[PDB]
Amino acid sequence: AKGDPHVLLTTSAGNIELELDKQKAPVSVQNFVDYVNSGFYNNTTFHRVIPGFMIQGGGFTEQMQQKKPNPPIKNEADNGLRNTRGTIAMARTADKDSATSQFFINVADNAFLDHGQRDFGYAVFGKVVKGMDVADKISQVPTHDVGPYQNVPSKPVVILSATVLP
């Protein structure tokens, strides 16, 4: 997951730097970079946090309002990258080709999320090169239920800015 692009996510809990795998996840990387470059992720939150599993964000505001994303992309989970601790992957629904803006960072080795004979899996497209301790921190913030959502941080963890680094 070192395709080339580096992205810095500055959150209210600290900074996380990512290196995206443009070679193995071209579509996922272009989709992600397009969102960051457009300023889409600014003011979105990590709305789903589960210790020992992952932290997911990039879709809702602090008031749990969902931002209208761009059209869904094809699933690249069969690119051979695994959902090991420290990787970034695309969140999606039942349809394997339903990913849009939401992504999650694995804070544990989640092999059950990998492309396999039982399910297409979740597309990994990068890795955290800096800030894993921050991701761990975010994963353990107190949470509660908001609407149909569970594991929502009681105190929103906001992505104040997302930028492609030089």
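In its metadata, the entry names X-ray crystallography as the structure determination method and reports 1.80 Å as the resolution.

Labelled according to the PDB entry, the protein appears under the name cyclophilin B, originating from Escherichia coli. UniProt's Function comment on the protein is quoted here verbatim: "PPIases accelerate the folding of proteins. It catalyzes the cis-trans isomerization of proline imidic peptide bonds in oligopeptides (By similarity)."

**Student:** Describe helix α2 (residues 132-139), with residues and values.
**Tutor:** Of all eight residues that make up α2, six are buried, and the element is covered over most of its length. Of all the positions in α2, only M132, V134, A135, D136, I138 and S139 are classed as buried. On the buried face of α2, the contacting elements are β1 (6-11), β2 (14-20), β4 (48-50), β5 (54-57), β7 (103-106) and β8 (124-130).

**Student:** Give a description of the packing of aromatic side chains that names residues and reports values.
**Tutor:** By the definition in use, this model includes 11 aromatic pairs. Measuring from ring centre to ring centre gives 4.6 Å for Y35 and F40, while their planes differ by 50°; the resulting arrangement is tilted. Of the two residues, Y35 and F40, both sit in the buried class. Here the aromatic cluster, defined as three or more aromatic residues joined through ring pairs, consists of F32, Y35, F40, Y41, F46, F103 and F125.

**Student:** Please provide a residue-by-residue account of the environment of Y149, values included.
**Tutor:** Secondary-structure assignment places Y149 in strand β10 (residues 149-153). Given a relative accessible area of 29%, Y149 falls into the partly exposed group. Separated by 19 residues in the primary sequence, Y149 and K130 place their C-alpha atoms 29 Å from one another.

**Student:** Go over the nonpolar core, please, and point to the residues and values.
**Tutor:** A general tendency of soluble globular proteins is for nonpolar side chains to be buried together. Core analysis: the largest hydrophobic core is formed by 32 residues, its most contacted members being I16, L18, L20, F32, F103 and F125. Broken down by secondary-structure element, the contributors of at least two residues to this core are β1, β2, α1 (26-37), β6 (87-90), β7, β8, α2 and β11 (158-164). Take this core: its biggest share by element is five residues, from α1. Among all residues touching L18, those that are not within four sequence positions of it are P5, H6, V7, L9, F32, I88, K127, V128 and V129. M54, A91, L113 and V124 belong to the second-largest nonpolar core, a separate cluster that totals nine residues.

**Student:** Talk me through unusual backbone geometry; I want residue IDs and the actual numbers.
**Tutor:** A positive phi is found at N43, a non-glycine position, where the angle reads about 75°. The residue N43 is located in the loop between α1 and β3 (44-45) in this model. Judged by relative accessible area, which is 44%, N43 ranks as partly exposed. Look at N151: it is not a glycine, yet its phi comes out positive at around 60°. Within the secondary structure, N151 sits in strand β10.

About the thresholds
- Residues numbered from 1 in each chain as written, not as in the entry; some residues may be left out.
- Heavy atoms only, no water.
- Residues with missing side-chain atoms left out of burial classes, pairs and counts.
- UniProt positions renumbered as here; feature names shortened; annotations may be inferred.
- Buried < 20%, exposed > 50% of the residue type's maximum accessible area, 1.4 Å probe, protein only.
- Helix = DSSP H or I, 4+ residues; strand = E, 2+ residues; numbered from the N terminus.
- Contact = heavy atoms within 4.5 Å.
- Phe/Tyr/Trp six-rings, centres within 6.5 Å; stacked < 30°, edge-to-face > 60°.
- Core = buried A, V, L, I, M, F, W, Y, C linked by side-chain atoms within 4.5 Å.

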